[PDB]
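I have placed the structure first, in the form of C-alpha cells, so that the comments after it can refer back to it.
What is reported rests on the model, the rules as stated and the sources as named; nothing here is a laboratory result. Every residue, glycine among them, receives a Cβ derived from its backbone with ideal geometry; neighbour counts consider all protein chains shown.
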Amino acid sequence: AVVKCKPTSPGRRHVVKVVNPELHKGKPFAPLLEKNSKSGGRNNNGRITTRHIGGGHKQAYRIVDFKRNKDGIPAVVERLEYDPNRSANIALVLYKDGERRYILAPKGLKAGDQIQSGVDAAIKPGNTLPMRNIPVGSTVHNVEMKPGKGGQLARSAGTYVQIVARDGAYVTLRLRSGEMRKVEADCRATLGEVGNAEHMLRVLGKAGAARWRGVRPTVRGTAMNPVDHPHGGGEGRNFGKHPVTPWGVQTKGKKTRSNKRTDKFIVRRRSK
Amino acid sequence: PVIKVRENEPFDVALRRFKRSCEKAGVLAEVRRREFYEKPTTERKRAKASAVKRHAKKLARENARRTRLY
Amino acid sequence: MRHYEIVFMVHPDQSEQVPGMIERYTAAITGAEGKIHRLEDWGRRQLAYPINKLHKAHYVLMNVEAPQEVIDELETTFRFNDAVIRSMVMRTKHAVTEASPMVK
Amino acid sequence: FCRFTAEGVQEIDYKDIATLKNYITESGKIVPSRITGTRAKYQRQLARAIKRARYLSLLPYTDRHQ
Amino acid sequence: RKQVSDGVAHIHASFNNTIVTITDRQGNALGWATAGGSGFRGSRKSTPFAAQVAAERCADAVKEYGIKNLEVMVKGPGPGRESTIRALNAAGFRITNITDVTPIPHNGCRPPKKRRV
Amino acid sequence: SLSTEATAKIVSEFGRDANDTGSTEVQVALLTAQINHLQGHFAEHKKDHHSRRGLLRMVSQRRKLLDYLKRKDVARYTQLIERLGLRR
RNA sequence: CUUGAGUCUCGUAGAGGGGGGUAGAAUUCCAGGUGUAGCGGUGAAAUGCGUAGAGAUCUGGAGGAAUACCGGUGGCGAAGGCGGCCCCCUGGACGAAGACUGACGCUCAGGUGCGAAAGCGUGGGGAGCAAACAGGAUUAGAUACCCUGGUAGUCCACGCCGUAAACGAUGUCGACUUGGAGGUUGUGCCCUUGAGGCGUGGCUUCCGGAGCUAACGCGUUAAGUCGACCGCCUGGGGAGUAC
Ligand SMILES: [Mg+2]
Ligand SMILES: [Mg+2]
Ligand SMILES: [Mg+2]
Ligand SMILES: [Mg+2]
Ligand SMILES: [Mg+2]
Ligand SMILES: [Mg+2]
Ligand SMILES: [Mg+2]
Ligand SMILES: [Mg+2]
Ligand SMILES: [Mg+2]
Ligand SMILES: [Mg+2]
Ligand SMILES: [Mg+2]
Ligand SMILES: [Mg+2]
Ligand SMILES: [Mg+2]
Ligand SMILES: [Mg+2]
Ligand SMILES: [Mg+2]
Ligand SMILES: [Mg+2]
Ligand SMILES: [Mg+2]
Ligand SMILES: [Mg+2]
Ligand SMILES: [Mg+2]
Ligand SMILES: [Mg+2]
Ligand SMILES: [Mg+2]
Ligand SMILES: [Mg+2]
Ligand SMILES: [Mg+2]
Ligand SMILES: [Mg+2]
Ligand SMILES: [Mg+2]
C-alpha cells in the first residue's frame, strides 16, 4: 500500500512509502546471487561517461530468468522478493524437477501460484509462450525482440505491451511508450502486466533518498561559467541561449534517433 | 429505405414508392432531431408538452365538440 | 445448479471440427456432473450480417444443467479457442428439453 | 392484431425468427406496440428476444445490402 | 476511355450543398458535380434546382463511360434528395434501385450545441 | 439471499417448534445469518450503496427486536446473544 | 389477546445497485484505391480546408464515448437517479393461501449515512462535444448571439466537496369521506366459446362532487375531516451578509 509518512521532521514530511508486506522478509536465494560492484558512471578509461552516478547502497545482483526456457516443466511460485537492481519485484519459483529460478513478478502473482512456459502453456498471468500462440489483443510483458535472446521489453514496474496485430511472421506491438513496433512472432512473451505498479507513487522526500539510490546532484548549466557549459554564466541570472546539452547540442525537441538498420521494424514512432 | 424498380414499373411510380418508404422509415425526422444536442431536460419537457397537448386536444374534440356549433 | 443455454457459432471452414468439439464440451459438463437437456447441431446457416467478413456460420445449440464454475470454464474455452466466432451462454429457469423452432 | 392472444404465449423465443420477423420492419427496426397491438409485457419480452437474435445474426440490425 | 454500362449515383444532399458522384459498381468514382461548381452560391446553391443542374452536369461528365443502368444511393437531408434523381432520369439512365443510406447513429457521438437564433 | 434449507435449519435451531417462525429469537437469528452472509458481498463491492441500505435496514430491525427481548425477558436475551456472539 | 408491526412458504414484474465480458450503427483519425476543383459555412460572407489532390466514393485498421428502433404522462428507486445484449454478486416492492411472534409501533432535536451537475487531489484515458482562448462576421461598440477552430472538463479508478427551481415550490405515519375515464403489474372465479364476462390487491395519469382556498386551484395519491411527532416563518431592503 501507499503510506504518507507523518511530518515529524522536515525530512519525513514529504515522504511517501510504497510498502508491500507480501515481500520476503529474509535473505535472498544465495545460489542466484552474485557480486555487483559499482561503477560511479566511469568507463574503462576511468572517465565519467555518465554524470550524476555515484555511491549509494551495496547491492547483490539477482540472476533473474528473462529467457524462460524451462518449457513444459511446470513451476510453482514460492515467494515474492525485493530486488534492489530493478523497480519491479521478483518471484522465487520452484520447478517440479527441483530447480529454482527468479522471474519477474507479474501482477496478482503470489506464493504457491503455478506457472508454465511453452507452447501448450495455458494463457494466464506468468505463463510464457511464443507470441504467435498468444491471442491478438493480449497484454504481455517481458517480451523478446530476437527469438531466444531473452525478454527485453516491458520489464519495468507495472509495464506491459499490447499485441495489436499478427500478420504472418510478425506481431505488431503497441509498446508502453506508445510506439508501434513489428517483432518476430517467434519471440517469447510472458502474459499479464509486470507487478509492483505503485512504484511510481513513491515520493523520495529528501536529497538523501536519491543519494541512497546512487544519484549524485545535478548542477544546472546556467549555474556554471562559460568555460564549463554552453549556457555559461552572466552577471546576475542571464541566459539568452537556446537550450543545449553540456556538449553543445540543442536540447528540448531536437530528435536524435540515428538508426537506419531498424527503421523497417518501427511501424509508428511514439507520440505524446 | 431500399427500393428496387420492378419490371414495367414507371420511374415516377418508383420515386413515389421511395418517398413513401423514406417517410415510413422516418429518416429525415431522425436526422433533423439528431442535428443538435437536445438536453435531457429539454427532451423531457418537450415530451411532457406533447403528451399534455395531445391529451387535452383529444378530450376537447371528442367530448367538448359534441354541441351545436350553429 | 442453474439451467443454462449455450449457442455458439463456428467458422464454416472449421465445420468439420464441430463433432469433436461438441463431444469435448459435453464430456466436460458430464465430468463435472453436468446434465445435458437438449443438444441441437443446427449446422451451416446464412448470417443476417457478415461477421469478420465471413458469411454462413455453423450454429450449435446446447441447453445444459451444470454448475457455474464449469459454465465459466466453458466460456473461457470459447473465448480463447480461435474457432468459435460467437457464443451466447444464457441462463434459463427450467429443463427446456423440447426441440427448438429452428430444428422444427 | 396481437398474435399471442390465441396462445397467451408462454414465453417468446429469440430463436423463433419466423414470428419475430412480424415484429421487425423492413429496415430491421422494432415495430411499435401501438402499431402492432402487442400487450406491454409481451412487447418488452419480444424486444429482448429481437435484440438477442440480432446479436446472434439470426435477425439483421439493419436493411443494408448485406 | 473505358465503358461500364452500370453505375451507382451517390447523391450526398446536405442542407447547404448537393454533391453528385457517379461511380462504378465497385466504388471507384467516374465523375462528380456539385451545385457550387454548377454555379450557385449560398441561397441559390441550397435549392432543388441547383441540385438538378449539378446532376445534369455529372451525367454529362460520365457520358464518356457510356453508363446505361444506374442505381442511386441518396444520403443526407437535402433540398435535392429528389431533384437530383429526377434530373438523372431525364438525362436518360434506367434507374434500377433507389436506396437511402443516411447514416443514423445508434446514440453515439454527441452532436454540436443548439444554435440560438 | 439466504437459501431455503439454511433458513429452515436456523428456524429449527432457535425455533420453539419447526412451524415457529415469528419467535423473536428466530427472527434475530435469521437477520444475523443474513448480515453475516452479506459481509463478503460488501467487502467485495464497497460502492453498492443501495444494497448496503438494505443491509442497514436489516441491522436496525435486529437491534429493535433485540431491545424488545431485553425489556421482555432478560435471560432469553442473554442466552440468545451468547449463542449468536453479538455484542450487547 | 391479535386487528398495528414483523417472520416463514410459493410466485410475479422491474433502465433498483455493484463487478466483468461483448455487439452493431455512427463520428474522428490513419494507410491505400477511384477521381477532380472545389468543400465547408451563413440571413449574406469570411476565417478554415483543398491542385503538396480536398470534399465525394470503396477497402482495411486504430480508438473513445454513447446505446437508434422498442420507448410509453411505461417501469424501478428514500431521494439524487437508473436505458444495447450476456453472465456473476445483491437490495427492495407486490400478490396467494395459510402458519408463527404478540404492541415488538409512529415521529425524531443532536448524531450518522446517501446526495445531479459544476469544481478539487492523484493516476490513467481522450473519439465527439466544449467553459477559457484565438481568428472571421454583425454592430455605434459586441469582451455576446452566428461561423471556423479549440484547452480544462465531460470518460475510468480511488478520495474530497456537500450544493441545485435537490420542485409535487406540497415533512413523515395512521384513520375516515360521492364519482368517471385510463395506464401498469399481480390474483380469484366465468367454458379464455375469441382478442373476451364478473370480481379483488399494489403502484400510477387525467377529470370532477362535497368540503377547503385570497383566488388560482386541490379534490380517496387532498390543499377535504382528524390524531402523533418533527422542521420552519413573523414587513421590504441591509442579508443568508459581517464577526
Ligand atoms: Mg542526470
Ligand atoms: Mg534535478
Ligand atoms: Mg540542479
Ligand atoms: Mg557562478
Ligand atoms: Mg562555450
Ligand atoms: Mg547564464
Ligand atoms: Mg550567473
Ligand atoms: Mg540581470
Ligand atoms: Mg534579455
Ligand atoms: Mg453548425
Ligand atoms: Mg432488473
Ligand atoms: Mg416499487
Ligand atoms: Mg437533523
Ligand atoms: Mg462529475
Ligand atoms: Mg478530475
Ligand atoms: Mg487528471
Ligand atoms: Mg467544436
Ligand atoms: Mg462555438
Ligand atoms: Mg438549499
Ligand atoms: Mg430533480
Ligand atoms: Mg425548498
Ligand atoms: Mg424517518
Ligand atoms: Mg381535479
Ligand atoms: Mg427593518
Ligand atoms: Mg456565508
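Summary table
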| item | result |
| --- | --- |
| Conditions (1) among the acidic types (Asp, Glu); (2) within 14 Å of chain D (Cβ to nearest Cβ); (3) exposed (fewer than 14 other Cβ atoms within 10 Å of the Cβ): number failed by C:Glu40 | (3) |
| Qualifying residue in region E:18-34 (condition: under 12 Å from the mean Cα position of the chain (by Cα) and either outside any strand (DSSP E or B) or within 13 Å of another protein chain (Cβ to nearest Cβ) (or both)) | no |
| Meets criteria (more than 6 Å from RNA strand G (Cβ to nearest atom) and either part of a loop (DSSP other than H, G, I, E, B) or touching a residue at least 40 places away in the same chain (Cβ under 8 Å) (or both)) for F:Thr32 | yes |
| Of all residues making up region A:199-237, the number that are within 16 Å of ligand 9 (Cβ to nearest atom) and either surrounded by 15 or more Cβ atoms within 10 Å (Cβ to Cβ) or hydroxyl-bearing (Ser, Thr, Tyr) (or both) | 4 |
| Hey, D:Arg64 under 13 Å from the mean Cα position of the chain (by Cα) and within 14 Å of chain C (Cβ to nearest Cβ) or not | no |
| Any hit, region C:96-103, residues being without any contact (Cβ under 8 Å) to a residue 12 or more places away in the chain, at negative phi, within 9 Å of chain D (Cβ to nearest Cβ) and surrounded by fewer than 16 Cβ atoms within 10 Å (Cβ to Cβ) | yes |
| Selection from region D:1-28 of residues that are in contact with a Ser or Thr (Cβ under 9 Å, 6 or more places away or on another chain) and away from chain C (no Cβ under 14 Å) | D:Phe1, D:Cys2, D:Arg3, D:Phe4, D:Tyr23 |
| Subset of region A:203-251 that is free of Cβ contacts under 8 Å to residues at least 24 places away in the same chain and in a helix (DSSP H, G or I) - its residue that is nearest to ligand 1 (Cβ to nearest atom) | A:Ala210 |
| Top-ranked residue of region A:225-272 - restricted to ones that are within 32 Å of the chain's Cα centre (by Cα) and either within 16 Å of ligand 8 (Cβ to nearest atom) or among the aliphatic types (A, V, I, L, M) (or both), ranked as nearest to the other protein chains (Cβ to nearest Cβ) | A:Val267 |
| Odd one out for C:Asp82 among (1) of a type in the set (D, E, K, R); (2) part of a strand (DSSP E or B); (3) facing another protein chain (nearest Cβ under 10 Å) | (2) |
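Residues are listed down the side, and each one gets a yes or a no for (1) of a type in the set (S, T, N, Q); (2) in the same structural domain as A:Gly151 (by CATH); (3) under 30 Å from A:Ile115 (Cα atoms); (4) not in a loop (DSSP other than H, G, I, E, B):
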site	(1), (2), (3), (4)
A:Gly11	no, no, no, no
A:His14	no, no, no, no
A:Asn20	yes, no, yes, no
A:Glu78	no, no, yes, yes
